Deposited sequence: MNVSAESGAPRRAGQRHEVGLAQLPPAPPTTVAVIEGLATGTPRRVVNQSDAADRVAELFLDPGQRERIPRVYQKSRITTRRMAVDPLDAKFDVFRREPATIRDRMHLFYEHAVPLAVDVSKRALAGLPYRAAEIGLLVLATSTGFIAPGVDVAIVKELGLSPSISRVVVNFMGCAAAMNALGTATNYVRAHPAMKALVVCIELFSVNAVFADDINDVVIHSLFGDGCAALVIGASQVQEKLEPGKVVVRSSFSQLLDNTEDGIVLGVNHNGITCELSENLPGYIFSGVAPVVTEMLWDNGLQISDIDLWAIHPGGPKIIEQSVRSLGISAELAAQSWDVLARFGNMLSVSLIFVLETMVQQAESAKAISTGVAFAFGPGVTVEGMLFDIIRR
């Protein structure tokens, strides 16, 4: 009898959720005009009016008089990373606390901290600042997830999941922090012009715990039912992340939308089938608000009502695309306001990361 040992039988729960962003508000129209001022600068207005973003928060003012000189020099990558650490700590610490404020868990109960970013990279970083700042344990476990793109939150929440189900009594803290403003450069190519028009800064934290299915979770709690991944075959050029002398950068392919259209439907369908569900059985669709073409093509693939992507369109409208963080902003909304009147709302969440990987999950929101 060398059969695999019986599996844990609990379910990961998001007992605490919290979100935050730097204070400065950048109204998209103004942003467009400011950038438009850097022959034919008609390109600018054009791409911007198509973004479907009204406002974004930015830790740093790229086009500021001070930064504007710094912004145009080479080899500033090391300073930008410092600048990142500088602005991130305050924000990350503040959000982490909000996430924990509601729960009664004592610092000794938090055994794992997961930090995801694609806009950072510094020796001791935001992860260590968080531990000290919140007075967590010197022995707490830490995992830093980098360059996993817009879907990092998922890979991160999964790391937490395994941990929690493996150590039922402990809790885990998931934190995503994304500061692209600290990486602003404003180059000439469309990709740069586009990236700089879509990205915003923000932060989010989740507190995870293991719970038995017989337990009656309280309203607002979110159960993680299933997780999934998919390397979209032959789509490597879709989303590319790289480090430049003057900052981290993201390169998106003209085909990303197409890859999504082809990829989404099959992946969700198969996953839902495993859980005895169909697209028509989903109450909530936490589609990663990575941009119009992404939400747009994501909804077409699934063949659902445009309305069922309301929350997503909202986040993208108010905050733009703040990478791995965005997903969580969308979820929060869903948790604060019910989309129907049924106790427990079922929903699917998914985002897109490099290699063009669909990262997502099936969840339940206890309504009553």
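Enquirer: Could you list, start to end, the deposited-sequence stretches with no C-alpha atoms?
Expert: No C-alpha coordinates exist for 1-21, 60-63.
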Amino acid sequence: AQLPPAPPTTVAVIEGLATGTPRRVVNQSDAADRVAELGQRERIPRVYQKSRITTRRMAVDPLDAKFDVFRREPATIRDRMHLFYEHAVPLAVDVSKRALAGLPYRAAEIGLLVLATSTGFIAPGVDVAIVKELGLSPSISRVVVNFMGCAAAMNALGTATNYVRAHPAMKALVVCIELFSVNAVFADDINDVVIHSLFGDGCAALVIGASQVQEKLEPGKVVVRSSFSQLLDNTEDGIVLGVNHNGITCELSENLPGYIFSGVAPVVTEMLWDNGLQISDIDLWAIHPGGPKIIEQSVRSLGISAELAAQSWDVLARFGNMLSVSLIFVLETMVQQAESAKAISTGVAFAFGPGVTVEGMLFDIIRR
From here on, numbers count along this sequence of modelled residues.
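Enquirer: Quick check on the record: does 68-76 or 234-242 carry the larger mean Cα temperature factor?
Expert: Higher mean C-alpha B-factor in the PDB entry: 68-76.
Enquirer: Do the C-alpha atoms of 267-275 or of 207-215 have the higher average B factor in the entry?
Expert: Comparing averages over the C-alpha atoms only gives 207-215.
Enquirer: When you compare the CA B-factors of 26, 341, 302, 317 as listed in the entry, which one comes out on top?
Expert: Going by the entry's C-alpha B-factors, 341 comes out highest.
Enquirer: Thinking about Cα B factors across the chain, which third does residue 109 belong to?
Expert: CA B-factor rank for residue 109: highest third.
Enquirer: Thinking about Cα B factors across the chain, which third does residue 54 belong to?
Expert: Within its chain, residue 54 is a lowest-third residue by C-alpha B-factor, going by the deposited values.
Enquirer: Sorting the chain's CA B-factors, does residue 171 end up in the lowest, middle or highest third?
Expert: Within its chain, residue 171 is a lowest-third residue by C-alpha B-factor, going by the deposited values.
Enquirer: What third of the chain, by the recorded C-alpha B-factor, contains residue 130?
Expert: As the PDB entry reports it, the C-alpha B-factor of residue 130 lands in the middle third of its chain.
Enquirer: Ranking every modelled residue in this chain by its Cα temperature factor as given in the entry, which third contains residue 356?
Expert: Highest third of the chain for residue 356's C-alpha B-factor.
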